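Overview (structure and organization)
One letter stands for each residue in the lines below.
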Amino acid sequence: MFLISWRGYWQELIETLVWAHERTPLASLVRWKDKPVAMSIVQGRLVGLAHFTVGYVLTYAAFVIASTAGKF
Amino acid sequence: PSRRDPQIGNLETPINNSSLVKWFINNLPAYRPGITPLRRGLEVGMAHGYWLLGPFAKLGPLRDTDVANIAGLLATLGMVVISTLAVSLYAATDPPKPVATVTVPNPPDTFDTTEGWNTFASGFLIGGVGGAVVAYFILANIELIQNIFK
Amino acid sequence: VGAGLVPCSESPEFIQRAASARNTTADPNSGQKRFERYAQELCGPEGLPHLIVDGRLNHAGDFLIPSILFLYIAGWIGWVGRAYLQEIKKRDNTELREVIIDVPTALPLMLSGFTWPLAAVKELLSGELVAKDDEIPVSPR
Amino acid sequence: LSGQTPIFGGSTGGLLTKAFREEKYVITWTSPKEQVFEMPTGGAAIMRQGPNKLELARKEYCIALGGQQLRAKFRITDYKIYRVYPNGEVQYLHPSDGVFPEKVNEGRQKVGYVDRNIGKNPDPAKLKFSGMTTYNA
Amino acid sequence: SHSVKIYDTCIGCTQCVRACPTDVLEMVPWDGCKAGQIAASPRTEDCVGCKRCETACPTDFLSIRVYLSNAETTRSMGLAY
Amino acid sequence: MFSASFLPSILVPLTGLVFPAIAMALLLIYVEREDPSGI
Amino acid sequence: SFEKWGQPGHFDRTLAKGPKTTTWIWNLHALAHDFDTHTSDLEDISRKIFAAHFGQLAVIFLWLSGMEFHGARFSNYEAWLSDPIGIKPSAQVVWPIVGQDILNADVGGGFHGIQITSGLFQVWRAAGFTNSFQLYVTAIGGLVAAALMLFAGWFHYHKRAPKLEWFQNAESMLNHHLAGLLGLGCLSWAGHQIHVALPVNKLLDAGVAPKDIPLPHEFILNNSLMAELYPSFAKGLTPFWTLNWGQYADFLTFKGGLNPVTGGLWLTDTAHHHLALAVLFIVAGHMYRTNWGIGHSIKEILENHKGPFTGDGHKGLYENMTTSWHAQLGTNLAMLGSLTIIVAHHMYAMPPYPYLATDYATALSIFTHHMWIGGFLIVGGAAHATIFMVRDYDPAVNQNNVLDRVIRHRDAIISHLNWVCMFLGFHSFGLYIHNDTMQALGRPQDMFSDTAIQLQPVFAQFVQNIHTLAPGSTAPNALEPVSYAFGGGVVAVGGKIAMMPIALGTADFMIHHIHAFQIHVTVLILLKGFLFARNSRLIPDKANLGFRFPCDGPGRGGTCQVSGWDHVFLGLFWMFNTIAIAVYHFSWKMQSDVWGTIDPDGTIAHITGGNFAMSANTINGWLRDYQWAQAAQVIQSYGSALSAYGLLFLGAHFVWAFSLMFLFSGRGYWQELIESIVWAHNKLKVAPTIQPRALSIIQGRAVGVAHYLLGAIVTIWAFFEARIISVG
Ligand SMILES: CC1=C(/C=C/C(C)=C/C=C/C(C)=C/C=C/C=C(C)/C=C/C=C(C)/C=C/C2=C(C)CCCC2(C)C)C(C)(C)CCC1
Ligand SMILES: CC1=C(C/C=C(/C)CCC[C@H](C)CCC[C@H](C)CCCC(C)C)C(=O)c2ccccc2C1=O
Ligand code: SF4
Ligand code: SF4
């Protein structure tokens, strides 16, 4: 998910989603610590790679130790 | 016919400017004038602590055990405590742009200030505890209606 | 030819497979015949033959001459392709004909690849195969 | 300046809380004809006669309208743009060259320069433990 | 915001000044080539990072470059909110 | 169990929950500090 | 007259000059049809569209006639005729050379070949087909008609081409088509049915010597055998002259159910169906205004429907529906897609051909095929909607119309949409994984099926119920319910189920809800690209710049993937997910509690054993209890005569990974590697004059997604094809 989609789509909907808090009542009290925006490009690449590598690591380890301790 | 200019990003749809709804929203304890922030906290605590114990009272992992009433009571106690903690620290770090976004025709009140927020949190704590115990009392005698049996 | 490998002639499981060896094509002798053709090599416990590559005359021709055949044909095709390319450029219709093949000229070049190896050797000794490091102007860096 | 706006019912892509508390852009021009046209915040409207006050939150929309819409279609070339402070001031970003020429003047602004060949460019070796970059000569 | 970089190869066709939608260029008087007026960046503070400008530069090894900095703000990031 | 005391029964929650709580609270109020002092 | 083909780029002025680099090749296969990108004229466009349609029809006729011909000379039809049960139809006999010799699909009677699954013989069990020579003539007719209408296209383009006002008479269009095309064809087919179909169907009850059964010429004017059955069908008694129709109760009846002697329904109902439809939409299609000064002025109807919330109603919509083409294209595509998928979702409860529910191989093949096409083309309908938005519009004729009224408040719409999607998404999936954890946590009482925490879709149950007892009161002149999955008796034949009532317990809930979930997000992506097509809150030049472009530089951070067809990229990924899990669900249920075998007591011993109530609630169960069964033979399903077809499932994974390679990588890397190889080749004087250049990022994205989809769908069809072969 992080790898394929890119930062030209995950910003249009953040606009309209900022539009909400401004105009609903009983929740417009709170405001922003800091104005939120979409991620960055390099950071997106990095997080995608991190997710991929962590996903790759775990399953194989589980498989190998479980198999070795279950078959001898 | 927008609020002040038809080109602004707001619309006069008959759900955010209906007389019924504006009357119903203005007189809420968050906005109704003639009161103190103290009472605001008291009432909000009363309400929320009065309903925020059922959602886990008979729903918790101790759902059908013979104790779950006081269990849910303790749960909502801790809940309202940590909520007060959260709002208090928010007040502690509160004053960038010391306002709230205004859409009600008038400003809500002078409730918008740090120490005001702190007093509000205190009243919230008190009212929440109160609503908790009173709901626990309503729910205490399962026979609350069985004695009436009506 | 060691490594504990039985000859495909006397490997029992080899002939065991050969008995009901599924005759592939439309001729009943297809299977059996091929198994008979597989007596020269030496089988193993798997019952199927391994190939030894050493120039050792036990299995020399079973790998050498196919290699040399491939070298023959690859040399031919590369040679005729390069020759055609070199020829095209002396027409000043370069990329017009890059997609339209000039058959009356493309034929004799193909037909004239008979003696590619030794001719290439000549172009090696004459130095007719490489341009000069700096004359070739394809800029690196 | 002007006190009138084109015919436009309304929409939801108007202003936010950033606008009336950080900045506003303003653009005006002369359209003695009233013709329907498009706007960058979604929807369409129709111009008004003579002065035409269009107020907005960003800048690029005014540039797009002036360049691609006004003089590229309807040949109006005297649209002025301004920036409005939160406390109520009125600034002046433009016309910074008067006639929107983009090439004419008798003298210009002389701010810095660099006419230096790029093959002879500094390396991270020669400029070390400084705060500058290859911009030096 | 980000930094702009000018060179000598500006022929003076002025396709970049008509391409940048951010008003960060102007042709200041020059003398060297037939241009007599070479492009430059007087108003960097509104740089956007679209760099549609050098794509409009026809010169071999296009005469303008943009060194994309790190001191971004609400202006350089371009938010309507 | 063994020769140790109750300790492994209840010493995880505070490290699990409350110490992270104060950690992040202090951290957040730190990342908003005024100038030029900060603790 | 052959001096003209080999002059490429005949339609474009730019790429007509010469192939500088390899790029010139690529665009050659890209702009060969969008001739709206060639001029501003329209009559030429329309003529091209006509000729292209004719060509498509020609290839249609060609392939259908050729498939017939294969069915006549290389298909075991006429042997499978006498026995449609103990014989499995086949075609495409294997050519006896090295490699394809063991693949002789022998289906009894020595007939080898390929055991097909497309159920054309089922049509050939209703059309009453005896000898293959008539079929030979049929193929000849099909191909000659193909060539005929192709010649017609050539003529109507090169000699006499139609004019321009010939386009926009949608009134006569609807009238002619609706009435003449549909009604006349349908009533003609019904006439064929009553004359031939049901007679030979009667004659297929007990082995009545098929070829010996007379030919239609023996019934054109021979009414004697036609008077054997149906006494009112002496001639007809022609009581229609007397307005009396009570006599015709013989054939034109209304049964409405399963006929356990045909493997399908009662064909008389279908005949009377077709009659009713024919006249009904004949009198319908006689509506609109034409050349006799009588009818609806349809451009005024839409003018009338306005009001307070409407604004100004449907004013000004015909310029869009006739001046532009992509509009019509998109809407008709969407409608066809929806229609097709309901067709798929339809013909597994009311089999309209002989031997359908009894034939458990063709069913899901047809189902999944049509279902895939449906989505696969409705997304294209939406894409053409977007291309209309970018190509065709007007600021003048679109003032305050019901169209413009949404493009002004898009943000609220899409925000609430995102809200709904988030809600449904985790409300379903996180609930699922919650139950997963509970089962893995020795807390089984926290499960969610009937044996645990409760939830029951009462609405479906009550609607099915009120459908069960329909006849008599709602349907007095009706005999049996419309289907038997709602209610009725378990209808069957042999030890083989035809249709039983379907049970909706607990597992139905989250399945339908995640269906709705994914449909919601799909609409989200597509509609988002739709509205934010011309102007975004940051990019006000989109329509000013195009809809097929990669990015707008690293401004505002990143902006890559801001066109619309990348929106439809993501959307097609999502619809892939949707339809994939949909077919998973359908196949598993209709093999778990609908299909199996039967005992003399009607005892339905289903294939799997009702596995949803047992495992279709946790994720680990979903992989175990589905693909364990869906593959446990494909590993060994090769290795004998009617097994040798080692399937390319082992093969499709490779194309899948090769696919994903294209996605994750840029292009500059490949460009530099190319330049190095060029250096080497130039050193050895073999430099190709046409300088190779790496793919453009949009090209690479396209080939990546194409290969991805191809691999996935190949994999899955291999899966269930072999799975049905293991039972069919
Ligand atoms: C779905 C599909 C399909 C199918 C199709 C179809 C099946 C169609 C149908 C069609 C049809 C079914 C048609 C028909 C038509 C007909 C018509 C249209 C008729 C008309 C008639 C008339 C016109 C008449 C005339 C006359 C006469 C004859 C005599 C005298 C009188 C008159 C003149 C009246 C296919 C496979 C392809 C593909 C896939 C899908
Ligand atoms: C491989 C690859 C390339 C390499 C670029 C090219 C053009 C490789 C194409 C090689 C040729 C054109 C493939 C030909 C396929 C045929 C099977 C080859 C047959 C040729 C002989 C039979 C004559 C990119 O440029 C690229 C760009 C952006 C994202 C991903 C990628 C990417 O994945
Ligand atoms: S940078 Fe390009 S557009 Fe600008 S002056 Fe030089 S040549 Fe002209
Ligand atoms: S990104 Fe390019 S065009 Fe835009 S302001 Fe910067 S230099 Fe000018």
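The text that follows walks through the structure, step by step, so that each part is easy to find.

**A look at the overall build of chain B**
Assigned secondary structure in chain B consists of 5 helices and 0 strands. Ordered by position from N to C terminus, the α and β elements of chain B give α-α-α-α-α. Taking 150 residues into account, the globule formula puts the C-alpha radius of gyration at 15 Å, and chain B, at 20 Å, lies well above it. Looking at chain B as a whole, 25% of its 150 residues qualify as buried. For chain B, restricting intrachain contacts to residue pairs at least 6 apart in sequence, the fraction spanning at least 24 positions comes to 64%. Looking at chain B, you have 10 positive and 10 negative side-chain charges, and the mean spots of the two groups are 6 Å apart.

**Things to note about the interface of chain A and chain G**
Interfaces are often sized by the accessible area lost when the parts come together. Between chain A and chain G, the contact holds 16 residues from the first and 24 residues from the second. Across the interface of chain A and chain G, roughly 2,000 Å² is buried in total on both sides, 66% from carbon and sulfur atoms. If you sort the residues of chain A by the area they bury against chain G, A:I4, A:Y9 and A:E12 come out on top, with a joint share of 33%. Across the chain A-chain G interface, the total number found is 2 salt bridges. At the boundary of chain A and chain G, one finds 9 residue pairs in polar contact. Elements supplying a minimum of two residues to the side of chain A that touches chain G: α1 (12–23) and α2 (41–71) of chain A. Ranked by the residues each element gives to the side of chain A that touches chain G, the list is headed by α1(A), at 6 residues. Taken together, the residues of the side of chain A that touches chain G break down into 8 nonpolar, 4 polar and 4 charged.

**Structural notes on unusual backbone geometry**
With an omega of -5°, the peptide bond running from D:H94 to D:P95 counts as cis. Of note, the amide linkage connecting F:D35 to F:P36 takes the cis form, showing an omega dihedral of -5°. As for its position among the elements, F:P36 is in the segment after α1 (12–30). The phi torsion at E:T14 lies on the positive side, around 60°, for a residue other than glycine. With respect to the secondary-structure elements, E:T14 resides in the loop between β1 (3–5) and β2 (26–29). Its identity is not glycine, yet E:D23 carries a phi of approximately 55°, on the positive side. Residue classification places E:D23 among the partly exposed residues on the basis of a relative accessible area of 26%.

**Comments concerning α1(F)**
Side chains three or four residues apart in an α-helix point the same way, a direct result of the helix having 3.6 residues per turn. Helix length check: α1(F), at 19 residues, gives a terminal C-alpha distance of 26 Å against a target of 27 Å (1.5 Å per residue), a fit within 8%. At F:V18, α1(F) is deflected by roughly 30°, the largest bend along its length, and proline F:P20 occurs up to four residues later in sequence.

**Some words on the site of ligand 2**
All names here are of chain G. In the neighbourhood of ligand 2, the contacting residues comprise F662, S665, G666, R667, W670, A694 and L695. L695 has a polar backbone atom sitting 2.8 Å from an oxygen atom of ligand 2. When isolated, ligand 2 has an accessible area of 780 Å², and the protein chains bury 44% of it. Residues that form the shell around ligand 2 fall into these classes: 4 nonpolar, 2 polar and 1 charged.

**Considering the pattern of salt bridges**
Across all of its chains, the model carries 24 salt bridges over all chains by this definition. Across the pair D:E60 and D:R58 runs a salt bridge, and its minimum N-O distance is 2.3 Å. Of the two residues, D:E60 and D:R58, neither departs from the other in class, the shared state being buried. Among the salt bridges present, the one from G:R408 reaches G:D404, with a minimum N-O distance of 2.9 Å. The residues G:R408 and G:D404 share a single accessibility class, namely buried. Here the residues in one salt-bridge network are D:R58, D:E60, E:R52, G:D552 and G:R556, joined through shared partners.

**Points about the arrangement of the chains**
Considering every one of the 12 pairs of chains in contact, the largest contact total is recorded for chains D and E. Across all C-alpha pairs, the smallest distance from chain B to chain C is 53 Å, and the two are not in contact. Contact between chain C and chain E is absent, and the minimum C-alpha spacing across the pair is 15 Å.

**Describing the interface of chain D and chain E**
Contacts between the two partners involve 21 residues from chain D, matched on the other side by 28 residues from chain E. Across the interface of chain D and chain E, roughly 2,500 Å² is buried in total on both sides, 54% from carbon and sulfur atoms. Ranking the residues of chain D by area buried against chain E places D:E102, D:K103 and D:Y135 at the top, with a combined share of 25%. One can count 1 salt bridge joining chain D with chain E.

**Structural notes on the packing of aromatic side chains**
Scanning all chains against the criterion turns up 48 aromatic pairs over all chains. A centroid spacing of 6.4 Å and a plane angle of 35° characterise the contact between B:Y136 and B:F137, whose relative ring orientation is tilted. B:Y136 sits in the partly exposed class, given a relative accessible area of 23%. Note on G:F576 and G:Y708: the rings are 6.4 Å apart at their centroids and 75° apart in plane angle, and the pair reads as edge-to-face. Pair noted here: G:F576 is in helix α18 (residues 565–592) and G:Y708 is in helix α23 (residues 697–725), with a separation of 132 residues, a long-range link. Residue G:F576 is classed as buried on the basis of its relative accessible area, which comes to 15%. Within the aromatic cluster, the residues linked to one another by ring pairs are G:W372, G:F573, G:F576, G:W656 and G:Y708. Over the aromatic face of E:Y7 sits the side chain of E:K5, whose NZ or CZ is 3.2 Å from the ring centroid. One cation-aromatic arrangement involves G:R548 over G:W565; the distance from NZ or CZ to the ring centre is 5.1 Å.

**Quick word on a nonpolar patch on the surface**
On the surface, B:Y50, B:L125, B:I126, B:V129, B:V133, B:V134, B:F137, B:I138, B:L144, B:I145 and B:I148 cluster together into a nonpolar patch covering about 950 Å² of accessible area. Ranked by residues supplied to the nonpolar patch, first place goes to helix α5 (residues 114–140) of chain B with 7 residues.

**Things to note about the sheet that holds strand β1 (residues 24–28) of chain D**
Residues and elements named next belong to chain D. Ordered in space as β4-β1-β5, the 3 strands form an open sheet in which the pairing is antiparallel. Each edge of the open sheet is held by one strand with a lone partner, namely β4 (54–56) and β5 (80–84). Within this sheet the neighbouring strands show an average axis-to-axis angle of 20°, counted without direction. The pairing of β1 with β4 spans 3 bridges and is antiparallel.

Cut-offs and rules
- The scheme used for residues numbers each chain from 1 in its written sequence order. That scheme is not guaranteed to match the entry numbering, and residues without coordinates are omitted from view.
- Working convention: letters from A go to chains and numbers from 1 go to ligands, in the order in which they are written.
- These chains belong to a larger assembly; all numbers given describe just the chains displayed.
- Side-chain numbers here rest on the full set of heavy atoms in the structure, without hydrogens or water.
- Residues with missing side-chain atoms are left out of burial classes, side-chain pairs and their counts.
- Going along the chain from the N terminus, every DSSP run of H or I of four or more residues is numbered as a helix, and every run of E of two or more is numbered as a strand.
- Atoms counted for the radius of gyration: C-alpha only. Globule rule: 2.2 Å times the number of residues to the power 0.38.
- Categorising residues by exposure relies on relative accessible area from a 1.4 Å probe, with only protein chains included: less than 20% of the type maximum marks a residue as buried, more than 50% marks it as exposed, and the intermediate range marks it as partly exposed.
- What makes two residues a contact is simply this: any of their non-hydrogen atoms within 4.5 Å.
- In this tally, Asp and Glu contribute negative charge and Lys and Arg positive charge; neither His nor the terminal groups of the chain are included.
- Note that the charge is assigned to NZ on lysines, CZ on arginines, CG on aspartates and CD on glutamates.
- Buried area adds together the accessible area that both of two parts lose upon being put together, with accessible area traced by a 1.4 Å probe.
- Salt bridge, as used here: a side-chain nitrogen of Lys or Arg that lies within 4 Å of a carboxyl oxygen of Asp or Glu.
- Under this definition, polar contacts are N or O atom pairs within 3.5 Å; protein pairs additionally need one hydrogen-donor-capable and one acceptor-capable atom, and for neighbouring residues in sequence, both atoms have to be side-chain atoms.
- Charged residues are taken to be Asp, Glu, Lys and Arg, nonpolar residues to be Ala, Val, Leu, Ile, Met, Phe, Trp, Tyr, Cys and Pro, and polar residues to be all remaining types, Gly included.
- A helix's residues, less one, multiplied by 1.5 Å, set its expected span.
- Here the bend at each residue means the angle between axes fitted to two seven-residue stretches, the one ending at that residue and the one beginning there.
- If even one non-hydrogen atom of a residue comes within 4 Å of a molecule or strand, that residue is called near it.
- Computed by Shrake-Rupley with a 1.4 Å probe, the accessible areas treat only the displayed protein chains as cover when residues are assessed.
- Pairing of aromatic side chains requires ring centres within 6.5 Å, counting the rings of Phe and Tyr and the six-membered ring of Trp. Pairs whose planes differ by under 30 degrees are stacked, by over 60 edge-to-face, and all others tilted.
- Should the NZ of a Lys or the CZ of an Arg lie within 6 Å of a ring centre and within 35 degrees of the ring normal, that charge is described as sitting over the ring.
- Exposure above 30% relative accessible area and the lack of any salt bridge qualify a residue for a patch; like charges then connect within 9 Å, and the nonpolar side chains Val, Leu, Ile, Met, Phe, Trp and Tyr within 5 Å.
- Two strands make a pair as long as DSSP finds a minimum of two bridges between them.
- Axes here mean lines fitted to C-alpha atoms, for a helix over just the part in contact, with angles spanning 0 to 180 degrees between N-to-C directions.

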